[PDB]
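Participant: Input: one structure, supplied below.
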Amino acid sequence: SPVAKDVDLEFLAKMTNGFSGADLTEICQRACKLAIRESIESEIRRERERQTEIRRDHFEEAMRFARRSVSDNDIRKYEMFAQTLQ
Amino acid sequence: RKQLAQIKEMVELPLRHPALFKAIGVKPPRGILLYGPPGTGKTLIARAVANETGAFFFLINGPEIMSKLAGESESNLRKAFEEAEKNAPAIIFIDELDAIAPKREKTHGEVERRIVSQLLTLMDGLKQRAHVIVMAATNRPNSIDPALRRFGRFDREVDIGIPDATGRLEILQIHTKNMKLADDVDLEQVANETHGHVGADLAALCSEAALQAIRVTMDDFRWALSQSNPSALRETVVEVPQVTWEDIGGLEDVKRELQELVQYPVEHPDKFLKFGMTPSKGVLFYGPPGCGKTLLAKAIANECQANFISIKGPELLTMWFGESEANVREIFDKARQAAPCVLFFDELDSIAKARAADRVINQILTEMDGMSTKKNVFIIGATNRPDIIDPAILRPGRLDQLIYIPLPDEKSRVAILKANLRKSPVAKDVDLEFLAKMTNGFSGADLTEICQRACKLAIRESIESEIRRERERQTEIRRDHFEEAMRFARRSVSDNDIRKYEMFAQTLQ
Amino acid sequence: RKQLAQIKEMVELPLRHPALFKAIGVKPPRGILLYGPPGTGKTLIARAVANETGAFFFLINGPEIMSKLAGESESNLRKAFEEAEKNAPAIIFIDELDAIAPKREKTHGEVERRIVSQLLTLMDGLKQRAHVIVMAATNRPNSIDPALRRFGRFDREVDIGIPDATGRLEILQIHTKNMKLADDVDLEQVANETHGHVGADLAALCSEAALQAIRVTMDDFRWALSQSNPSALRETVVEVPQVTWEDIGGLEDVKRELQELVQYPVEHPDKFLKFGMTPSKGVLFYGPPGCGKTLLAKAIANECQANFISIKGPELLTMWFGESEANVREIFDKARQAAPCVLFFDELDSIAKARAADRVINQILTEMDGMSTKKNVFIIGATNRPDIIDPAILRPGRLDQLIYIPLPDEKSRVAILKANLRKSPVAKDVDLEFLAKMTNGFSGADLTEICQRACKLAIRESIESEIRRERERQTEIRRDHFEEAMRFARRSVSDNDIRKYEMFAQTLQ
Ligand SMILES: Cc1cc2c(C(N)=O)cccc2n1-c1nc2c(c(NCc3ccccc3)n1)COCC2
Ligand SMILES: Cc1cc2c(C(N)=O)cccc2n1-c1nc2c(c(NCc3ccccc3)n1)COCC2
């Protein structure tokens, strides 16, 4: 993927404490779809105006609706069931 | 001095400017009733008002009247009343009124009923013509026989409650101007630390502070504080709180909502009168338990410079489990009298949760219904369970407006770290936004327990090192501490719950 | 003598050094109220303080006043008060105050209300100017009419409760200095054995001890102990316990936790004041039923040389089932007055378990809320069921800190064997670590019942052999006993349960 270096991924590490892979994934995918959208929308806009990479804008855009998959309850449940499974 | 002002506006003008009222075709008050807890110097106040109006003063020590042989009591009363009547402008002040004139089935004998009757007839007997005012003392007006709070008798009532920081400070200054006060002594400190104290308790405090010096440093004051057992711990404190809105960083929408609900009709009433629509009776704060639902309610009172009253739910529980719903009436009376004011119910869900109960919640209903719209007294209902509150409370003309007081924002997280660390040693390499980001989904409570855990790590390291230095002599707080403290610190409220308020926020609407 | 000290600090300086206070601009106390059970010689104490201050002493035997014809009572009172007023420095001491001045709806007649009124007016009448102090006696201040515990009247209150071992010892020495005391007699033994005894019961004990000699050996004392029925069995014993931390071997983490919670703010307050954070209100001990949750709580009080008060849960149950939640207020007052102190609730789960109940637990709430933070009184809540405690109790500012008090460690097992066998014959071939290892997963209770079973095997073998030697004449404890005793001895608490506290320890956090 095209990813400019002003996508620091540790800004993303910290913010995504308690996140499952799935959420990181859907963050990335939402970003990528915002990018594609902006891209071809702008290209079609440029077709219509001719007939007279991905950056943390996209990402904090994408995180502005992105979950934390698994709730404390559950993880606590594996904790419990990890201890008492042992 | 604020207190005197009222009593002088009620006394002076119809004691020593009487002709204007009797010409303008009205009546002076003939029965000004002072009440509030003991340790308040109501007597002092009465004589103060008599001296500073310029009027004859006659004390009636209730005990003294009640100690006489049946007859000589009534005699003493008549005597007092004629003695005042004759020397008037006259204040007759009745100390411990409740003594002679109680709640009158707690009177296993007819002599007292005669004695009270007498006082009623005497109270009736006066003329505004005769230039006589009767003041009287008691803990609460519930104490006195209601046939004294007739219009003909003790019509006007003044509450001299607990004093607040400033009053306490004034009192301390007044009792300690005559004292060997050290430079390290802080009066304001003590004034702030002296919750539930009254004039008496503060006097006593100053006294033990003296005595233990005489065995005055700050140590002595703090020690005397360690010793003192204030009287008015148990009394419901009414004061305007000193939490600013800008102390509560963020939570903006709620600021503006609360302003539109409670601020606009006290601060721009012209408008509400103009458009004609009349204000919300009150509010309901719901959301997760880790927040300053209290503090917002305070903050809007502070913002409207109006009073504040917390009913902790254990008050409610105590009422339900005891079936003393009566006392709701008394609470609302107490708010009404201390207008303008926010009556803040904490844990409104308690009565309803814990299962004359819906009745305790219901007395609050009948009282919200019966309370006059115009009196500017707002009434904020806290919970965490909109789901359990008798929904009659959420009927319009009651707790009309619902507000989701949600988890703190970053600005607010910062605000709360700041609040929790206000008085503390905090080196600047504790950035609080490192702490803002890490604590997404955290309740106040968690920020708090982070701060406290840190502080305890600091104290621990400190005195452990000091004792280690005692043992080695007998041959500030920094993000080390904090990331130490966060390395066991929760996220209070689980997604489930917040999603539950979300859901119940949407579908409550 | 410790007791007198206080009363002399309250009396002497404003009886016989009065000008300093009245100049420095404060007030002496004019009503020092002594209370506590009968058998305490409050009268003796008053006259002691009057003689050792140098002051006129006037007794008012309540019964004597109440026995007069209505009128001559008030007469007697006025008389007494003027007689004192005239001869002053003056202590007016009122024996059985509750007699003249009771809880005043328990007064089926107006004469008593007049008599009390009189005493109120007389109490009001005094000046610090007149050099007069009024002391007074009763069982508990609940007895007296509250309008006597006004500031104007009996403001200062002193508790002369049960005496502890040392007091009992002093008293025994004092009553038995005049006695044919044998060499085998042990006063301290008896002092330690005399729980619930007061001055009177001890006097009586010494007396029967005499009389049965005169029919004094240790036998006589122990026999008189066998006979005596002390008065204050029923009274809630406040004393600093004498269990060291090092009596409680191991359980270290809890030691240090409890120290950081309860020790650091009484022993290094400078620090808590410095960092600014204010201490835990209290604690909650949970875990398995076989442990010394009591003893830890004692041990931290002992460590902080603070008092201790056990509310056994049967006190709680008695309150709930009777709906005498009132008495919580009285308990906290009793702790507050006996500061610093640990108020230890045992089986806090009882009220809640056994199903104005959440109210009894709730009164404890309102009291924890209303108790002043600064007063150094800690408040430890025992259970075995964190799961059942009204979680409002586990809300911050209440029982903030949870502590899992788990099963004893080997050091602690040893400690408990040692404790259970302290006074016993134990040959050195009872190694206690053989016993430490074998008893992994055991509660104190099991170690205890091991020891007891052993001891009973020993007694059995002993007296069986002695009787066998009587029958054959009419022609220490060793690991034999112990491995005998363990050959039927449980493991109290099952893995399930401990795993349950583990789980509920983790997920409680
Ligand atoms: C010391 C403290 C603990 C605490 C807790 C808690 N769970 O322990 C919850 C809420 C507020 C809390 N505060 C607190 N206390 C204060 C303030 C403040 N922040 C502004 C605010 C309040 C509620 C919301 C947003 C932001 N927060 C404001 O200054 C005075 C006292
Ligand atoms: C007599 C006795 C019975 C008992 C029991 C019991 N269920 O019988 C449980 C725990 C301690 C017990 N003690 C006991 N009592 C004492 C001590 C002590 N050892 C240290 C200890 C205390 C609490 C906890 C751990 C270990 N143990 C210390 O000496 C004074 C009294």
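Swiss-Prot numbering applies to chain C: residues 210-424, 447-586, 596-715, 730-763, in that order.
The backbone N, Cα and C atoms fix where each Cβ goes, and this holds for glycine too.
In case it's useful when we look at the structure, here is the feature table from Swiss-Prot:
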BINDING   C:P247, C:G248, C:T249, C:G250, C:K251, C:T252, C:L253, C:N348, C:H384  ATP 1 binding site
BINDING   C:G521, C:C522, C:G523, C:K524, C:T525, C:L526  ATP 2 binding site
MOD_RES   C:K315  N6,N6,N6-trimethyllysine
MOD_RES   C:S462  phosphoserine
MOD_RES   C:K502  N6-acetyllysine
MOD_RES   C:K505  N6-acetyllysine
MOD_RES   C:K668  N6-acetyllysine
MOD_RES   C:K668  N6-succinyllysine
MOD_RES   C:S702  phosphoserine
MOD_RES   C:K754  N6-acetyllysine
Participant: Would you mind checking how many other C-beta atoms are within 10 angstroms of the C-beta on C:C522 (ATP 2 binding site)?
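Facilitator: Neighbour count, Cβ to Cβ under the 10 Å cut-off: 24.
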Participant: So if I take the recorded positions (C:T249, C:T525, C:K754) and measure from each Cβ to the nearest atom of ligand 2, which come out below 6 Å?
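Facilitator: None, by Cβ distance under 6 Å.
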Participant: Please work out which residue of C:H384, C:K524 has the most C-beta neighbours within 10 angstroms of its C-beta, and give that one of the binding-site residues.
Facilitator: C:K524
Participant: If you draw a 10 Å sphere around the Cβ of C:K315 (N6,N6,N6-trimethyllysine), how many other Cβ atoms fall inside it, taking every protein chain shown into account?
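Facilitator: Looking across every protein chain shown, the total is 8.
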Participant: To the nearest whole angstrom, what is the C-alpha distance linking C:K502 (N6-acetyllysine) and C:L526 (ATP 2 binding site)?
Facilitator: 28
Participant: Would you count the other CB atoms within 10 A of the CB of C:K505 (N6-acetyllysine), including those on all shown protein chains?
Facilitator: 15
Participant: Can you tell which of the recorded positions C:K505, C:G521, C:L526 lies nearest to C:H384 (ATP 1 binding site) in space, using Cα positions?
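Facilitator: Result: the closest of the recorded positions to C:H384 (ATP 1 binding site) is C:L526.
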Participant: Specify all same-chain residues, apart from the site residues C:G521, C:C522, C:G523, C:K524, C:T525, C:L526, whose Cβ lies within 8 angstroms of the center of the Cβ atoms of the ATP 2 site, ordered by sequence.
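Facilitator: Once C:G521, C:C522, C:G523, C:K524, C:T525, C:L526 are set aside, the remaining close residues are C:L527, C:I645, C:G684.
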Participant: If H, G and I count as helix, E and B as strand, and all else as coil, what does DSSP give for C:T525 (ATP 2 binding site)?
Facilitator: helix
Participant: From the recorded positions C:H384, C:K502, C:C522, keep only those with a C-beta under 8 angstroms from any C-beta in chain B, and list them in sequence order.
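Facilitator: Out of C:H384, C:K502, C:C522, C:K502 lie under 8 Å of chain B.
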Participant: Could you tell me which of these recorded positions, C:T249, C:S462, C:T525, C:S702, has the fewest other Cβ atoms within 10 Å of its Cβ?
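Facilitator: Among the recorded positions C:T249, C:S462, C:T525, C:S702, the sparsest Cβ neighbourhood within 10 Å belongs to C:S702.
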Participant: With C:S462 (phosphoserine) as the reference Cα, tell me which of the binding-site residues C:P247, C:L253, C:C522, C:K524, C:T525 is the closest one.
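Facilitator: Closest by Cα distance to C:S462 (phosphoserine) among the binding-site residues C:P247, C:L253, C:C522, C:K524, C:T525: C:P247.
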Participant: If you count CB neighbours within 10 Å, which one among the binding-site residues C:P247, C:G521, C:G523 has the smallest count?
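Facilitator: Lowest Cβ count within 10 Å among the binding-site residues (C:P247, C:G521, C:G523) is C:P247.
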Participant: Rounding to the nearest whole angstrom, report the longest C-alpha distance spanning C:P247, C:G248, C:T249, C:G250, C:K251, C:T252, C:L253, C:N348, C:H384, listed for ATP 1.
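Facilitator: Looking at C:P247, C:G248, C:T249, C:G250, C:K251, C:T252, C:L253, C:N348, C:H384 as a set, their Cα atoms extend up to 24 Å apart.
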Participant: Taking every protein chain shown into account, which of the modified residues C:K502, C:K668 has the largest tally of Cβ atoms within 10 Å of its Cβ?
Facilitator: C:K502
Participant: Sorry to bug you, but what's the C-alpha spacing from C:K754 (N6-acetyllysine) to C:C522 (ATP 2 binding site), rounded to the closest Å?
Facilitator: 16
Participant: In three-state terms from DSSP, label C:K251 (ATP 1 binding site) for me.
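Facilitator: Helix, per DSSP.
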Participant: What's the CA to CA span in angstrom from C:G521 (ATP 2 binding site) over to C:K754 (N6-acetyllysine)?
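Facilitator: Approximately 15 Å lies between the Cα of C:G521 (ATP 2 binding site) and that of C:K754 (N6-acetyllysine).
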Participant: Counting Cβ atoms within 10 Å across all protein chains shown, which of the binding-site residues C:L253, C:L526 comes out on top?
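Facilitator: Counting every other Cβ within 10 Å of each candidate, the maximum falls on C:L526.
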Participant: List only the single closest residue to C:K505 (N6-acetyllysine), chosen from the recorded positions C:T249, C:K251, C:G523, C:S702, C:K754 by CA-CA distance.
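Facilitator: Considering only the listed recorded positions, the nearest one is C:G523.
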